[PDB]
C-alpha cells in the first residue's frame, strides 16, 4: 500500500520546510543541528532525514544517527545492518572513509549508528565523541543529528553541549504542552537553548 506512504512522507517533508529555511538562510552559523523529542513516536527520525535531505541541496551535509538505543536512520535509507557507523568510529574499528554512506541521489552523507554498543551514553559522553564531532565540523558545512527522546534517556542533554542548535520535534496531536514546557526547562537549566520546533501531526 504505496500511495499512503507517499502522503505520509511527502507531508513529513513540508512540515520541515520553515525549519530548513531558517537554518539555510537565517542562522547560517548553526553548523551542527540536533533534533529531539520528549517521547518516542513523534516523527523525530523522519524529520531528521527530511531536514538533512533539503540542507543537502545547498551545502555538503552529514546526517548522523545518534540514537544508539533504537537506531532508525540506517533502516530508512535501505542501509545494511552490516554497515559500520558511529560506534565503530568511537571504538576505532573502522575509519570515517569506510563508514560514511553516500546517497548520491541527493548528495547527502549518512553516518549510521553502527554495530550495537552496550554503553551508549558512556560512548556519547566520550572525549572520542567530542573529538569526532570536531573533525566532522571541519569536513562538512552542515551536520544533522538524530537523537533519542529527552525524557527516556539522558543522551540528548549530553549531546546538546556539543551542538549549535536544538530543534524539538513534537507530535502536536498527542504530546501535552506542560511536558514540553518541562523539557524546555531541563535544557534551559543546563545551558542549551531551543531554536525551533517542528510540529508533526500524527494519528
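Residue numbers count along the first chain shown, from 1.
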Inset, instruction - Between 46-54 and 151-159, point out the one with the higher average CA B-factor as the PDB entry records it. - result: 151-159
Inset, instruction - Averaging the C-alpha B factors as listed in the entry, name the stretch that ends up higher: 14-22 or 183-191. - result: 183-191
Inset, instruction - Looking at the entry's B-factor column for C-alpha atoms only, identify whether residue 173 ranks in the lowest, middle or highest third of its chain. - result: middle
Inset, instruction - Taking the chain's C-alpha temperature factors as the reference, tell me which third residue 29 falls into: lowest, middle or highest. - result: highest
Legend entry - Where the record places residue 110 (Cα B-factor, split into thirds across the chain): middle
Legend entry - Chain-relative CA temperature factor third for residue 132: lowest
Inset, instruction - Consider only the C-alpha atoms of the modelled residues in this chain, order them by B-factor as the entry records it, and name the third containing residue 138: lowest, middle or highest. - result: highest
